[PDB]
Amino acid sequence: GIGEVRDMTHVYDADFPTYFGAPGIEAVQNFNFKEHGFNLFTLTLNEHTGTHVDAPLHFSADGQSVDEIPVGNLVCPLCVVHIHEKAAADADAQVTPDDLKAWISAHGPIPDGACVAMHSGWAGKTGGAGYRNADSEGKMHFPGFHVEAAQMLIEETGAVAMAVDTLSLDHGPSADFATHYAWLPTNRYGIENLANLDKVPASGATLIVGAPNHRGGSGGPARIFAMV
């Protein structure tokens, strides 16, 4: 139980690459130690920036908010799908139904209430302008999940969370977000911008999703751990 834990959260700020490209959080120093003797900031946060959780409400009219997700869905068995070999050749590589099929043939079945995370070797560009990989028309290019592989995780497993080391569940050039409309409305939640997936084993680890709980929220940054 008290084994070795791993941090899976990025350290985000104003320079952190957001989906919209613009900064997603600003700080105002309300009090400083010099004139007041204590420090306090008043933040303005775009809850869908940084290492954050995509609640079902993000893509639904009456889904589950961040506070309504049960605790049983915040402690997930970790199933990391390595596609970084495929992502090296194709920047728009997606976790296809064939990708997770090979995960069974080396680690066994997917446990119930588990989180499926994509390992595309992409959680290392957050320090530069290459994380979004915006094109000449503002079209971002980064790996993601396929909608058909998303629905594959609905019919034949008890997976509850979909995690990605990129900015979105669907890949960059997704003007429709078919993976989002498939995995979120079914009361399953998503995780984006997951860090340090190269430091956890593909199977056996247990994810600890410290999802926020501001009532009525569609998302929000979450401190995520991984008990290896």
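Quick note: we count residues from 1 along the sequence shown, nothing fancier.
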With reference to the PDB entry, specify whether the mean Cα temperature factor is higher for 110 to 118 or for 125 to 133. 125 to 133
Quick check: 89 to 97 versus 75 to 83, which has the larger average CA B-factor in the record? 89 to 97
Looking at 220, 21, 204, 210, which one carries the largest C-alpha B-factor according to the PDB entry? 21
Ranked by Cα temperature factor within the chain, is residue 215 in the lowest third, the middle third or the highest third? highest
Please rank the C-alpha B-factors of the chain's modelled residues and tell me whether residue 174 sits in the lowest, middle or highest third. highest
Ranked C-alpha temperature factor of residue 30 among modelled chain residues, by third: highest
According to the PDB entry, is the CA B factor of residue 193 in the bottom, middle or top third of its chain, that is, lowest, middle or highest? lowest
Where does the C-alpha B-factor of residue 166 rank in its chain, lowest, middle or highest third? lowest
